[PDB]
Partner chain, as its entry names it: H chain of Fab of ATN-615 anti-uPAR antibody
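Just one chain follows, in the form deposited without its partner chain, and it is written as structure tokens.
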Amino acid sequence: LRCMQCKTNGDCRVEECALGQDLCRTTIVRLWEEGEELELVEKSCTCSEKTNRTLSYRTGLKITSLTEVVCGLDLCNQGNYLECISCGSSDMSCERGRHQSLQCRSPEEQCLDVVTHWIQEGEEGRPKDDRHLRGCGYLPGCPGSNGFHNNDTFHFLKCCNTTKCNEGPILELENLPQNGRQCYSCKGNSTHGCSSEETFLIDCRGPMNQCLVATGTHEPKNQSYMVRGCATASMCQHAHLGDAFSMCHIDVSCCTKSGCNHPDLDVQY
């Protein structure tokens, strides 16, 4: 495979898709202010397991629209009525209860609530993810919910179709009652992030009752990541987890008994 690699500025290229790359992507961000708009586009050989998608949300009077689309074969990236609640953490419309209506413009796109929450500290790290987002869209696995958390992250998605089906209060992790299961937490590589002494037991909350182990590659520059934590049923499948951790070619394992998912219970390679 070879894909079209277009930088945001306009500058293109033809990329020889590297080992296990296998997908052409076109990602499009379109912003619409009052009567005013722009759009950015990147393109590249991407990880397989990706898939077409969309996200859109009001923040103030600004309306952001994400879309990304994928296709099988060479240089395919080369050419050219449902209501939901909307808000973001850009303008703190989510935390400050400024929720707005957002009519979806498509048949297939439904109400969404997404939580990206990183703990960490300060500088380099903690991706620029809005961390609370609500609006129309279609995303991996869909209608459904899934989540993960571990000692330092909480990801959650709620996908559904009914008028304002995504309303409700902002969904914070310590607002979700312990479920009784306890699973190892860690995240990095057997050297760092998930060495024996950084990996430890934690209290699963809310719907996340399965102990998770995911191994994959850390496609933002390699290193072959590992992740342990508390997953929902859903996240344990269809590589939904990759999107949270931006991982490629993940093998995930999900045991339903407390404290399985210990390191020495792993399958591997």
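Numbering follows the first chain given and starts at 1.
There is another form of the same protein, the form solved in complex with its partner chain; it is not shown, and what comes next is about it.
Residue contact with its partner chain in the deposited complex: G216 places no heavy atom within 4.5 Å of it. Contact check for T191: every heavy atom lies farther than 4.5 Å from its partner chain in the deposited complex. Of the heavy atoms in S196, none are within 4.5 Å of its partner chain in the deposited complex. By the criterion of a heavy atom within 4.5 Å, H132 is excluded from the residues contacting its partner chain in the deposited complex.
In the deposited complex, no residue of the candidate spot (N150, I202 and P263) has a heavy atom lying within 4.5 Å of its partner chain.
Scanning 161-196 for heavy atoms within 4.5 Å of its partner chain in the deposited complex gives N175, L176, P177, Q178, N179, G180, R181 in sequence order.
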